[PDB]
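Below sits a lone chain in structure tokens, taken as the form deposited in one PDB entry.
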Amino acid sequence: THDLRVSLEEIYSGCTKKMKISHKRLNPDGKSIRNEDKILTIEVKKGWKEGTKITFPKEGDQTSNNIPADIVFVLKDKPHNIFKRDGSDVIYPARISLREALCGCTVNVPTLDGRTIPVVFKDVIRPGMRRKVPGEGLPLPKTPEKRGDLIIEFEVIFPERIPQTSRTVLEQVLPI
């Protein structure tokens, strides 16, 4: 029972995982132990979700009279440094200044195949607001021609401090 870690990019295009296992083997001679190497091949289908199980029958250890153990791989999402995976969607955290949130913003959203898409915002952006960029998520695994969405998730970064100057002005333009 073993973790197969797969990057977002590998889930997006699909990939091949070549895992070498070292199991103990009963020799042609029925009464001794031998170490044996064997590459197990996993075909990662595009869009596969974490928890997918890949079972290689009887690839465990061999010695006695009983049936050798199954090797079960379980797919795990590897942390990605740009996106957080959410099913077939990917979430893109966009950190913007409070100035941009109140006065207008362009987010250059990165894509899974390494381009960027400019998304222009004219209205007030609120802390935690989300904006869908349709079809820019991961392939759906059963119908890989269709894709999920890329979801912009805003974090609005506040000034560390406000000088008294600025405070007096903010008091005149912002609602109580």
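Quick note: we count residues from 1 along the sequence shown, nothing fancier. Residues that one form lacks are left out of the comparison. We call the rigid core whatever largest set of C-alpha positions still superposes within 1.5 Å between the two forms.
As for the form deposited in another entry, it is not shown, yet the points below apply to it.
Threshold 2 Å Cα movement between the shown form and the other one for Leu40, core superposed: Yes: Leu40 shifts by at least 2 Å between the shown form and the other one.
Threshold 2 Å Cα movement between the shown form and the other one for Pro68, core superposed: Yes: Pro68 shifts by at least 2 Å between the shown form and the other one.
C-alpha of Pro144 moved at least 2 Å between the shown form and the other one on rigid core: No, the C-alpha moves less than 2 Å.
Sequence-ordered runs, three or more residues, C-alpha shift 2 Å or more between the shown form and the other one, rigid core: After superposition, residues 18 to 41, 55 to 72, 160 to 176 shift as runs.
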